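Source file: run_9.cif. Holds: mmCIF, C-alpha atoms (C1' of nucleotides).
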data_my_file
loop_
_atom_site.label_atom_id
_atom_site.label_comp_id
_atom_site.auth_asym_id
_atom_site.auth_seq_id
_atom_site.Cartn_x
_atom_site.Cartn_y
_atom_site.Cartn_z
CA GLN D 280 52.55 -18.98 77.37
CA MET D 281 50.96 -16.45 75.02
CA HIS D 282 48.95 -17.27 71.89
CA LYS D 283 48.44 -14.47 69.35
CA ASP D 284 45.83 -14.88 66.59
CA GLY D 285 45.52 -11.61 64.70
CA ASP D 286 43.95 -9.28 67.26
CA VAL D 287 43.20 -12.03 69.82
CA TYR D 288 45.44 -12.84 72.80
CA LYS D 289 45.31 -15.88 75.08
CA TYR D 290 47.58 -16.11 78.13
CA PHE D 291 47.98 -19.42 79.97
CA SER D 292 49.90 -20.19 83.15
CA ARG D 293 52.23 -23.13 83.91
CA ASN D 294 49.31 -25.37 84.93
CA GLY D 295 47.10 -24.20 82.05
CA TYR D 296 45.02 -21.76 84.10
CA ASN D 297 43.70 -18.88 81.99
CA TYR D 298 45.47 -15.62 82.88
CA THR D 299 44.16 -13.63 79.90
CA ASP D 300 42.09 -11.48 82.27
CA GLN D 301 45.16 -10.13 84.08
CA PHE D 302 47.22 -9.64 80.91
CA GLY D 303 44.31 -8.90 78.56
CA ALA D 304 42.69 -10.61 75.58
CA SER D 305 42.65 -7.63 73.19
CA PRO D 306 44.80 -4.49 72.89
CA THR D 307 41.89 -2.39 74.20
CA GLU D 308 42.30 -3.95 77.66
CA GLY D 309 44.98 -5.60 79.78
CA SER D 310 48.32 -4.85 81.39
CA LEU D 311 50.77 -6.15 78.75
CA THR D 312 49.05 -6.69 75.40
CA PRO D 313 48.00 -3.03 74.87
CA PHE D 314 51.68 -2.03 75.07
CA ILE D 315 53.38 -5.05 73.45
CA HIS D 316 51.03 -5.18 70.44
CA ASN D 317 53.10 -2.52 68.65
CA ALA D 318 56.23 -4.68 69.00
CA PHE D 319 54.90 -7.44 66.72
CA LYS D 320 55.74 -7.50 63.02
CA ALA D 321 53.21 -7.05 60.23
CA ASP D 322 53.79 -10.57 58.84
CA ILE D 323 53.00 -12.33 62.15
CA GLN D 324 49.30 -13.22 62.32
CA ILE D 325 49.60 -16.57 64.14
CA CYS D 326 52.17 -16.97 66.90
CA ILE D 327 52.87 -18.84 70.13
CA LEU D 328 55.45 -17.72 72.69
CA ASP D 329 56.64 -19.22 75.97
CA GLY D 330 58.38 -17.01 78.50
CA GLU D 331 58.64 -15.51 81.96
CA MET D 332 56.78 -12.58 83.52
CA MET D 333 58.68 -10.25 85.85
CA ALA D 334 58.26 -6.85 87.50
CA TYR D 335 60.46 -4.24 85.80
CA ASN D 336 61.16 -1.12 87.87
CA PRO D 337 62.14 1.86 85.68
CA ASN D 338 63.56 3.88 88.59
CA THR D 339 66.29 1.23 88.86
CA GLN D 340 65.65 -0.02 85.29
CA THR D 341 65.88 -3.59 86.56
CA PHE D 342 63.79 -6.67 87.29
CA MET D 343 62.61 -7.39 90.83
CA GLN D 344 62.43 -10.93 92.19
CA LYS D 345 59.16 -12.42 93.41
"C1'" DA P 1 -47.81 37.13 145.30
"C1'" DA P 2 -45.68 32.16 144.86
"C1'" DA P 3 -44.09 27.79 142.30
"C1'" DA P 4 -42.04 25.69 138.12
"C1'" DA P 5 -39.22 25.74 133.64
"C1'" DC P 6 -35.31 27.38 130.76
"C1'" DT P 7 -30.56 29.26 130.38
"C1'" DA P 8 -25.77 30.62 132.13
"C1'" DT P 9 -21.79 28.48 133.81
"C1'" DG P 10 -18.26 25.86 135.68
"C1'" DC P 11 -15.67 22.44 137.31
"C1'" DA P 12 -14.00 17.83 136.45
"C1'" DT P 13 -12.95 13.41 132.89
"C1'" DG P 14 -11.19 11.43 129.30
"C1'" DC P 15 -9.40 11.89 124.75
"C1'" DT P 16 -5.98 13.92 121.42
"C1'" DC P 17 -2.34 16.40 119.64
"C1'" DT P 18 2.24 17.73 120.49
"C1'" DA P 19 6.27 17.74 122.20
"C1'" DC P 20 10.33 16.09 125.14
"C1'" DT P 21 13.44 12.57 127.36
"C1'" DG P 22 15.00 8.06 128.35
"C1'" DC P 23 15.96 3.09 127.16
"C1'" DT P 24 16.18 -0.88 123.88
"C1'" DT P 25 17.26 -2.68 119.50
"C1'" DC P 26 18.38 -2.66 114.40
"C1'" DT P 27 21.32 -1.01 110.65
"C1'" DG P 28 25.65 0.64 108.69
"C1'" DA P 29 30.70 1.88 108.65
"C1'" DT P 30 35.17 0.74 110.03
"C1'" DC P 31 39.13 -2.12 111.96
"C1'" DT P 32 41.48 -6.56 112.66
"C1'" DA P 33 42.29 -11.57 112.23
"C1'" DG P 34 41.78 -15.50 109.44
"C1'" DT P 35 41.36 -17.93 104.81
"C1'" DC P 36 41.78 -19.20 99.81
"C1'" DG P 37 44.53 -19.29 94.85
"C1'" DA P 38 48.17 -18.43 91.90
"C1'" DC P 39 52.75 -18.83 91.59
"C1'" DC P 40 57.63 -20.23 92.93
#
Rewritten as structure tokens:
Amino acid sequence: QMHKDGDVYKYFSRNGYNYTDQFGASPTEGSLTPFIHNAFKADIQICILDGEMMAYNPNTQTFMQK
DNA sequence: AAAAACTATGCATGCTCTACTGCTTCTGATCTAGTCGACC
């Protein structure tokens, strides 16, 4: 689950453990936020999303199971 | 002319540096096996 507050990101796992370090808290650092920041709209300052994280291989252009 | 005093020297001891070689032990780098956390 990802919480976006302006320029602040907070990633939490299924059990509530803080994963923001791995995925990043700000666009300047991380593995997902620096690249997915541009995908958000201008009129979205507060947002909460719940989803799944996978490993996308671009050579096959497909997701790889755990 | 004859006896005594001073100097040359020289060989041996112990110390000191200086190095060389061997053994013992401490430190560091690397490899392998086991363990913990998160998830599903």
Problem set entry | Spatial neighbours of residue 312 in chain D, max dist 10 Å, all atoms listed in the file, sep filter under 6 positions, as an NGL selection string | :D and (281 or 283 or 286-290 or 299 or 302-306 or 318)
For this session: Report as a VMD selection string the set of chain D residues whose atoms approach chain P to within 10 Å, with distances computed over all atoms listed in the file.
Result: chain D and resid 292 to 294 296 298 345
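In this model, the gap between CA of residue 331 in chain D and CA of residue 317 in chain D comes to 19.4 Å.
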For this session: State, in Å with one decimal place, the distance from CA of residue 307 in chain D to CA of residue 280 in chain D.
Result: 20.0 Å
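Interatomic distance, CA of residue 301 in chain D to CA of residue 320 in chain D: 23.7 Å.
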